[PDB]
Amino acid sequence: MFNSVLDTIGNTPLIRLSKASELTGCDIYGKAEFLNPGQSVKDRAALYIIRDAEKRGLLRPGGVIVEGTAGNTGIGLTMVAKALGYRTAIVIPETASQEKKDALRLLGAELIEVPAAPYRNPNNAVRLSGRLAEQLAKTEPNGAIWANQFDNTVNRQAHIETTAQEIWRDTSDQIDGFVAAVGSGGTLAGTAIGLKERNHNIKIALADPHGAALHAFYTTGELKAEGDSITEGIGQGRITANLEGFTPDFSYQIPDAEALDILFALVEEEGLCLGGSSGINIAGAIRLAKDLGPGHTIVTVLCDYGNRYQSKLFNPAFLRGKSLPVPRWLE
């Protein structure tokens, strides 16, 4: 018996990944973040960001949360907002698919569509949303905050306090390694802090897609974001406030074809149909397991479902145009 949908955020189960485990002689588990009520890992940061604003008195009932995002952050924030009596203003590039717009509007988000732009442009959806929140707070009696998912460290805090502790509990103290990809960095940096507090010998790995800068930076100090990836939710080009102080023990750069080969096999063989970041993550877990050797327990994150990537990630025409693997059953 819970008082609202918010009580169902978190305490997600660990699912044994049987190929990956068999291939490595390790017990490799994926944390089922798709079983959050917002259907992604972002429910955790969304909950903490909004509760933090509440605790600091920056939101009263009817107040508004602003964020620049065409991803799960918008979905998670809007679900939490509606459950707590707030509104969301989601800044989104006008070039974003009708699907992504519809998924947000479905839940009640107010969309603010802007022409698309690089992060160096101050009208880029992410940076613009900060200035929008400042203006709105002048004409919104009940407040207006910028979620600021990249640099708001209560994001990382969510994972210190919930994700990490759940993992420790559910592995009965036995976890040896943790691996995740980075968008805001909250998941990897926060879970790393929580886990290492419990056992300093736990190894932490970054799993990084092409087009991201983090692998190059942590491994060689180079500033460089070569290539590109069709994965969404991940791929970071700066050291966000959530990443401050973070250094991984291992770092792996995962090409799209490796992630998708794993992702598609997972559907066929294990009944899990997940987003692209999950293929990146599992690839990373396999590599971490191989570095440590057999007889270890490795945990990674199954961040969301594949359903909402079906127009690209699970679309044969799109994949062939990108010179990427196609799901055999869709031929």
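One-based numbering along the sequence shown.
- The PDB entry records a higher mean C-alpha B factor for 318-326 than for its counterpart among 318-326 and 7-15.
- Comparing 64-72 with 278-286, the stretch with the higher mean C-alpha B-factor in the PDB entry is 64-72.
- For the set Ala180, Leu214, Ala192, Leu104, the PDB entry puts the maximum C-alpha B factor at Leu104.
- The PDB entry gives the largest Cα B-factor of the residues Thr163, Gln135, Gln149, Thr240 to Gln135.
- Residue-level temperature factors show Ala225 in the highest third of its chain, judged at the C-alpha atom.
- Split the chain's modelled residues into thirds by C-alpha temperature factor. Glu110 is in the highest one.
- Per the deposited record, the Cα B-factor of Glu269 falls in the middle third when ranked against the other modelled residues of its chain.
- Remark: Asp261 belongs to the middle third of its chain, ranked by C-alpha B-factor as recorded.
- Split the chain's modelled residues into thirds by C-alpha temperature factor. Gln236 is in the middle one.
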